[PDB]
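S.K.: Coordinates for the following, if possible.
(chains A, B, C, D, E, F and G)
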Amino acid sequence: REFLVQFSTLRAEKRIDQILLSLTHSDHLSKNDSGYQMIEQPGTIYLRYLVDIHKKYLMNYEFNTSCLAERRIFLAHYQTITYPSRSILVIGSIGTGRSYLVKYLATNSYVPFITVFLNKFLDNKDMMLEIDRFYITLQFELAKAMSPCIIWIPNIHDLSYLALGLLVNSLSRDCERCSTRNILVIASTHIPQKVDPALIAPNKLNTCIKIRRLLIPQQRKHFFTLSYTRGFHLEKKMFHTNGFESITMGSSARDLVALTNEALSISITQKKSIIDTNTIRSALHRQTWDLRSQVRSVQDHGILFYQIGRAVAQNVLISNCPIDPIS
Amino acid sequence: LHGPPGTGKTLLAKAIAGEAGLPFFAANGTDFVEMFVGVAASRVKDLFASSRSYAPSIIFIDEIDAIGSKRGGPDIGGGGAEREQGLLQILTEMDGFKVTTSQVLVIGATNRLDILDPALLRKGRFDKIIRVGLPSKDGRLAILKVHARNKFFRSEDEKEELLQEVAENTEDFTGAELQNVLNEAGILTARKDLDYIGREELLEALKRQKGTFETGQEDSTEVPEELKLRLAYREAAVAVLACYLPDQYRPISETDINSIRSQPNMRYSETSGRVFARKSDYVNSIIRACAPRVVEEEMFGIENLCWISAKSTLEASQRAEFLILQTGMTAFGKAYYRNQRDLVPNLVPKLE
Amino acid sequence: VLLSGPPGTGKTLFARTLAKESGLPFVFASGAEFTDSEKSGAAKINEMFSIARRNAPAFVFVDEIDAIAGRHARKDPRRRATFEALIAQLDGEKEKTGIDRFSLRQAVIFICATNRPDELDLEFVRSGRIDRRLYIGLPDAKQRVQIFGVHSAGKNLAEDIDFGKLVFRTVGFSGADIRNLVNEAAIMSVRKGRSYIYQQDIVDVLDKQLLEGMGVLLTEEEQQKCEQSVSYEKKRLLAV
Amino acid sequence: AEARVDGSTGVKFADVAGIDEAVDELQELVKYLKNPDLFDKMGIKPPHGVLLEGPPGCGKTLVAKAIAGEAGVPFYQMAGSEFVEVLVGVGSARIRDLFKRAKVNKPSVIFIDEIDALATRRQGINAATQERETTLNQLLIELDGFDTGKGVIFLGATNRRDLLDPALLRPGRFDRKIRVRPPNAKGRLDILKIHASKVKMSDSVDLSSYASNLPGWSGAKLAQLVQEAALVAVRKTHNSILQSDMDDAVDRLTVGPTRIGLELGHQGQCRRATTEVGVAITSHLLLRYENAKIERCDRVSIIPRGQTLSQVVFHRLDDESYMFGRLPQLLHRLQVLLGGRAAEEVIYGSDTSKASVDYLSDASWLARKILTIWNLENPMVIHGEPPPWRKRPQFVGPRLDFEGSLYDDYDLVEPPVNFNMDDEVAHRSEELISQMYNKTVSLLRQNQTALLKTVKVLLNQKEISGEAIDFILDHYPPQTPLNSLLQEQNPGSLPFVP
Amino acid sequence: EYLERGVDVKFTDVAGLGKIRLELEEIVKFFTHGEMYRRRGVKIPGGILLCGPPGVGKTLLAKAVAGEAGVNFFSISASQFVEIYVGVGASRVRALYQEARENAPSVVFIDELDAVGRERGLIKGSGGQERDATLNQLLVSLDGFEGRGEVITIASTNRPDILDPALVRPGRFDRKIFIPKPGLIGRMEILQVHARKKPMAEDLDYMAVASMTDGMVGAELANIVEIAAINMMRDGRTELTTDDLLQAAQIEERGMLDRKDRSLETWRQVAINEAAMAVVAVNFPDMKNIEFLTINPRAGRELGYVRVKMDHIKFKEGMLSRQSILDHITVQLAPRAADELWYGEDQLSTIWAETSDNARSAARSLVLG
Amino acid sequence: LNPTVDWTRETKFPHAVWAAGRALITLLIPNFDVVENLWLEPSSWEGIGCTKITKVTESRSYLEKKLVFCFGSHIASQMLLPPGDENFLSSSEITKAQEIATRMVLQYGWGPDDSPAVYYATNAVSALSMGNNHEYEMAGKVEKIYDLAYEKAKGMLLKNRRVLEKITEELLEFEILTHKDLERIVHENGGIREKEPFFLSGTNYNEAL
Amino acid sequence: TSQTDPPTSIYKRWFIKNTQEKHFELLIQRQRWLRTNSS
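M.R.: Numbering: from 1, shown residues only, chains lettered A, B, ... in the order given. Here you go, the structure:
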């Protein structure tokens, strides 16, 4: 069932206007004091440069071997790229969120994005081997037919011998021939200590990259750059002061996307385009609070003093920790 | 329905079938479950359609534990999937009972409770969960006199008095136990060619049915005088201590030395009514606990103790620890300590 | 939307008045028969969500999700396929589902409920898939009185019946329990030949249930003789 | 099921060696096989089954084949691992087919190699297990239903008696149980005579020394000995097996092959050399002076072989002296164990290393064994303690198998209750170890010249012999100054020629 | 399928019966005189269970009672019921009981019920559910619904504690008979019946053979018969005597006697060890009757041994005196006593390390017993 | 992707002290391993300060040298960091010292009295009977050797206080130091090295023959 | 529980090794509890 939906992801090729629009893309608001400057993230810059080199067909021309000048320029360029891997592994699923960066970088890639699933090769249990071999060779032939394209393989740890053979012959054959050398075989998982040492060769799925948890400045930057891309301008009072830094939480990925969507929904229901303090507070209150019937309050004042004292102490003393609301 | 094994659940189901006068559908638990999927569900839905066609009907399912077993582990063999398919199919058929068209009554019977899944017992499926427990003394009398209609006795008054006196010593016994006592007494009488059930046949049936014998060998052993003497001295010491320290509820009645046991072979006249027991009663029980070791140390010396009679002051130790810790009229305190862990290291020397 | 609470509180009433006041198609199934057999393990979830999409915008309401999203779903592959299908239909991501994430056909609200909120997986209650959680609890005394009036309207009550003096005896009772109590009082009303149902019928029903709760099934005659069997002084101690 | 029906199996009772007791017991089976009439007239019930239990490579299959060859009866061979399948019931069908083909040509012998494959015990520590139980049921039914008058003897060869079900050990199925002990010195001698007739042999090879100096080696291991000797002679292009090539095969299979140029620093070899030479010197001195009941040094090496950076070779004595280990014998062996640390303490002064730690652990455990397990001293002890660490008895390193083994308590342990005598046992062990350490260091420090000269000679030659150590000990008497060694033109020079 | 042919075993074929045989013929009476049993109003007890040590021949008793009853005999292994598939075992039990009811009157035998009679809730697996299903099916076909009054089940187990108390409920398994180990006369008659098929002599006394091999099962006596055939052709005598039986029993209880090379001091050490044991034993009451004394090494024991046969009634019941254990500890310590008194304190050996720990273990068991 | 802290001297001062103390105590031990490079990496998860050390049957003296070296960052942070600002940086080393000392008492027998008593082996799962009151004695021995290594480190680290201050400020102002730079610092400012033979206690030291 | 089969050879012990094993563990646990709850 997966072959039909991955065969129809691009039944028609990208139009000239679409390719021309994608070929002239820009940086889009990195140099702001509120969101995601240059030095904040080096890995995404490297992935952006890799996919940009993939876009302009700058990988099939692997070398020049000229007299002195173009060789020097190429050496300097290869220095600047890292500080030309045709396949890159990323191992950063210790926190949350996998697709939240892959599709975020592929939305402007303009090439067919094919995500083959390895779990389909496990639930099929001399007829199974033939069916599996035909299926995997059809996937690889379709991926070749969609050149240039980006192949994403999530959760390698599910891998069984037939797929291993397919992958090893693909990465042993399609890197010195098969003219479209720019076929990215990017892959992600959450356990790096179980992969076999035969799949970490320099010619076979090298350059591992880590993804860590999100810190508070990174949370603010990601929230701002996620709210701004939908025409919603952040009001110049919370990122202009210490307003929403002291109330923000959800220090993980996929916890800011839902918060951003809830805040945008709340502002849309008010027919507004700016987000104030109250909208963020009402969005945070709707995620970490449970709706309840048969409501009853505290009948003994005296636990109220406990909460008041703890909150005052946590406010004045620990100036780098949140305060949950008291009720 | 559920309860102790062999309490008469099948007899109650047969009584329901007989006295109902309604179309009765006897089924089985493990009849439906097989290795091939779909057979159990098809069988049960055919049964349910048949009961709906013949409404009103009494569908009885013996031993629902076969299919009603709760998931308590990974079913690698795959039969658990068939069991759950059948179970959920029974649940859907039960929930498909509209009150205006289906007068079908489900009668369950099981010997276990903890292995059942708490969805059949939910509302709309099993509302009434009754339990037939062990009958009382009147209930025991009723079941033994019901089981003794075809049973030939010397006279009606003699039969009645024998039934009453066996009813007074058959405590903690279910209907199967009393029926088997009567059955074994009949076996003894037919073997001995006696046309009526004598008293000694009831006595031997009771002796067999409580499992007094465990060796099960040819009882022909020349007991040395050194053993008859030890048993006689132990029994006499127990008699002397019991007469000197009178227990208000267990007077000594009979005494034999014909058996080797860890405990003395004494018999007490049990009178129910132990609501209260004073500290003096606990002290007297402690004194009575350690009689054989004292008597064997007195007459025969320390170097002649048995392995059994020296394992008698240990029970006195347990009883004294019970008195100190779990009764609370000593000077140890007025708390109730359960021996496992609420014994802080300060109270250990005091207890010792 | 994740509903939670004790069973029998009328969790279906919330969804039904949801459908009634909202005026939408309401796709409703049960999660027990989704791990049915080998003919269609996870295809029922897919056809469920396809019917929901084809009639979108609408609601999706599934009963006893703990039988699907339980903590033992990753052990059984048959459970795992169903859970993966459910969690894939829960989101967008056009591949493997073949539909635009933002569309009228994707305006579907997934209502789920169970009786054991802590038994569900950590990745199913995550925000983005399950956003709001409603906790419905047992009613209190006045709602119990109203339910007693509602479920006993079509019965011949006496003049001395008043449930306001037995609210303390029915703590933790659900609507099904109050209905069973009324039916119990009616049955022991007709058993004793009584035409109506006074307060004493309800008192006797509650008292007999309490007596049965510790495993005492005795009629009046056997209870009387067993009371007469015990002596006087050892009853005098229990009296003090 | 191609059960080979061979009229002549090709091996007889002259091809087996070292199995004298078992073949003498099986001579009754051979007599039953060749003529059962005199057995039948007097009324014997012959054994329904005979179970051959023993170590691998001892030729139990060869024993059964020789029985069939001498008896002149067809031999049915099909291993236990041939009874395991995926489909259910096929193994029982194969059992029935093999049994009925045996009943066709009576008398006949049924042999099942590795019978424990189908007869695994239901240990309480897929459908294949049900197949194993059904095959076991069919086999026991066929064995119990076998009338003894038709003379079909069934043989079962196993490597482990513990995993085999006790139902087969019940009389009526396996009446006879024969152990196949590893061949003795005469047995290994005869196996060497048999296997040496197949390859070209020189007169310089003395197989008696090889049979005596290779204890517990199976017949297949002697076969691989002679085969690797042949291949070594092929590698050296020798026309026949020389004694040097035979010893080369010995050091190839015992300790392992020699590496090429893999050496550590000059300090990493001096410490190992000092330890091994000190152990050898203590052993030789205890042999010379007090006439201990201990072993003798053969050769000491620091050339890395296998996974040992250095090695000292000790002969193995006769087992009759390995039963009543007295206190003095254990004390001298324990002194031999601390000889290494004595060498590090006298040569390096006070900077010892980690090369002698294992000998220290062995000494510490055998002190406890002397104290607690054997209770050789005479304060009586209430309990023994199991070894926290277990090292198997092994090759050229110190024997540690004088009482069968060192790290094996004979189930002589109990959990302790009193914790005040445990410290007195620890103090007694510390006192014994410390006193014994001072005695061994005092005896070794009295001879620094012989120790230093042996270390230098072994460092120069990378290998020394026991006779060379004896020559150094004789030519360097006690209490001679170290300057006598230090004035020599070459301290690592050996003027003695073997 | 589960029906066997040629059941000719009777009570004469089996020895060591005793009063249990009476119960056995009672079963025969249940199959013959049941008319007056049901005339008086007695329901025939379907469940009879033989419990005892293995090798006593419980299945042989089943064949005997089936042959004497003169009915159809079913002998089914309980290991076939447990399987990786579910439902098939229940159908197997259904077919078994259906063909037993169709072949009425008949007796059915199932051996080793511990495999399938295990209490439910002890193992977590599909095999446990299949075992529960088979147990439920056999329970229903035993007592569940009406329809059986003629088929009687006989069973043979070893451990009675493992069985489900639901099975032990009267009307399903109410007759519980224990088959003890044969005593003195029982071993005599078992040896006689197992030796009737071979030509014996008139001067053959089984009393010494029975007293020599004490505390052994009937299968071991059949084994003694089996080692009464193979070992006389080495010398080639005329007729079997009691000496061969005594040597066969000596070989069986310890092992085969093998001779190896030995020095003089080793023989002296084993001799003084055995002398220590016997000499300290003869002065004590519980170990006074030393009958054999040899230093010959046997299988597993390179030492010798001392043979005593004390009274075996007080030991089983527990009526051993405190002095009876202080004497045994002295006996175990006396090898070390002889070693110390002969070779000195400084030359203690390690040959007595097996008795020196038995003494301390006995002392430890005494002080906290 | 992001550093967890800014590049201010108040943050890098504990890490500079840590690295400088470790490098100095590496330098002052004779015949020990050689420190090569020191730097302050802004985005290292192990810590801001990083130190490269290249190693030169390990004898008793090598283990003693390692044990006394295991105190350098802790003692440097003790003289240099002001009160009110402590570190959890040296803890991962100090437990290593807590690992090292017992090894000469249980495993190798290099105890305070050069006793051949061995109670632990490489493949052992537990120890011997060990007594009940005998454990206090060996515990005192282990605390003795640990304190002896600590006092040796303190004595040979407090005599290079100004050199340590120099190394800290050069590390703070240059962010890169090499072995040649450390040699220059310990030469100009008067660093005093230790001399062979190196022992924790000279009361039982002997000389090889 | 005193090794009900009598030993015909004196070499065998009168008690099984696993007879008094729960009491040893009970005493060890009690002593360890007293030792740990005092320091």
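S.K.: Start from the N-terminal end of the chain and give the helices.
M.R.: Unless you meant another one, I'm taking chain A. With DSSP state H, the ranges of helices along chain A come out as A:2-7, A:16-23, A:43-55, A:69-82, A:99-106, A:127-145, A:161-173, A:216-228, A:256-269, A:277-285, A:304-316.
S.K.: wrong one, I was asking about chain G
M.R.: For chain G, applying DSSP H gives helices covering G:22-36.
S.K.: Also the stretch 101-250 of chain D?
M.R.: Assigned by DSSP state H, counting those that start in this stretch, the stretch 101-250 of chain D shows helices spanning D:128-144, D:166-169, D:185-196, D:207-212, D:219-235, D:243-254.
S.K.: Show me what residue of chain G gets nearest to chain F.
M.R.: Shortest chain G-to-chain F distance, computed as CB to the nearest CB: residue-wise this is residue G:35, at 7.9 Å. (C-beta placed from N, C-alpha, C; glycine too.)
S.K.: how about that residue, what does it touch?
M.R.: residue F:132 (CB atoms under 8 Å, 6 or more residues apart in numbering or on different chains).
S.K.: gap between it and chain E?
M.R.: Between residue G:35 and chain E the distance is 20 Å, computed by CB to the nearest CB, to the nearest Å.
S.K.: Single out the residue in chain C that lies closest to chain D.
M.R.: Using CB to the nearest CB, the point where chain C gets nearest to chain D is residue C:77, with a distance of 17.1 Å.
S.K.: Could you confirm whether the lengthiest helix in chain F reaches chain D?
M.R.: The helix of greatest length in chain F, counted in residues with DSSP H as the criterion, is given as helix F:134-157. Yes - among the residues of helix F:134-157, residue F:134 lie within reach of chain D under CB under 8 Å from any CB of the partner chain.
S.K.: Does anything pack onto the top helix by length along chain E? Which helices or strands?
M.R.: Among all segments of chain E classified by DSSP H, the helix with the greatest residue count is helix E:322-343. In this structure, helix E:322-343 packs against helix E:264-282, helix E:356-367, with contacts taken as 3 or more CB pairs under 8 Å, 6 or more residues apart in numbering or on different chains; DSSP states H and E.
S.K.: What are the buried residues along it?
M.R.: With burial defined by 16 or more other CB atoms under 10 Å in any protein chain shown, the residues of helix E:322-343 counted as buried are E:322-325, E:327-329, E:331-336, E:338-340.
S.K.: If I take it and helix E:356-367, what angle do their directions form?
M.R.: Using axes from the mean of the first three to the mean of the last three CA atoms, to 10 degrees, the direction of helix E:322-343 lies 150 degrees away from that of helix E:356-367.
S.K.: State the number of residues packed around residue 24.
M.R.: In the absence of a named chain, chain A is used. The burial count assigned to residue A:24 is 7, neighbours taken as other CB atoms under 10 Å in any protein chain shown.
S.K.: wrong one, chain G
M.R.: 16.
S.K.: Without its sequence neighbours, what residue ends up closest to it?
M.R.: Leaving aside its chain neighbours, residue G:24 sits nearest to residue D:415 (4.6 Å; criterion: CB to CB, 6 or more residues apart in numbering or on different chains).
S.K.: and what of residue E:182?
M.R.: The nearest residue in space to residue E:182 (CB to CB, 6+ apart) is residue E:16, at 4.4 Å.
S.K.: Among the helices of the stretch 101-250 of chain D, which comes closest to chain C?
M.R.: Closest to chain C of the helices of the stretch 101-250 of chain D, according to CB to the nearest CB: helix D:128-144, at 21.8 Å.
S.K.: where do the helices sit along chain B?
M.R.: Counting by DSSP H, one finds helices in chain B at the ranges B:9-20, B:39-53, B:79-95, B:137-147, B:156-167, B:175-191, B:199-209, B:225-244, B:279-289, B:291-299, B:313-326, B:347-351.
S.K.: so which of these is the most packed in?
M.R.: Ranked by mean neighbour count under mean count of other CB atoms under 10 Å in any protein chain shown, the helices of chain B are led by helix B:175-191, which reaches a mean of 23.
S.K.: For residue D:31, pull up the helix or strand it's in.
M.R.: Using DSSP states H and E, the element containing residue D:31 is helix D:20-34.
S.K.: so whatever residue of the stretch 201-350 of chain D ends up closest to chain F, which of the three states?
M.R.: Among residues of the stretch 201-350 of chain D, the one nearest chain F by CB to the nearest CB turns out to be residue D:349. It sits 3.4 Å away. For residue D:349, the secondary-structure state derived from DSSP: H, G, I helix; E, B strand; the rest coil is coil.
S.K.: Same check on residue E:216?
M.R.: The three-state label for residue E:216, taken from three-state DSSP, comes out as coil.
S.K.: any idea how far it lies from residue B:202?
M.R.: Here the criterion is CB to CB, to the nearest Å. By it, residue E:216 lies 40 Å from residue B:202.
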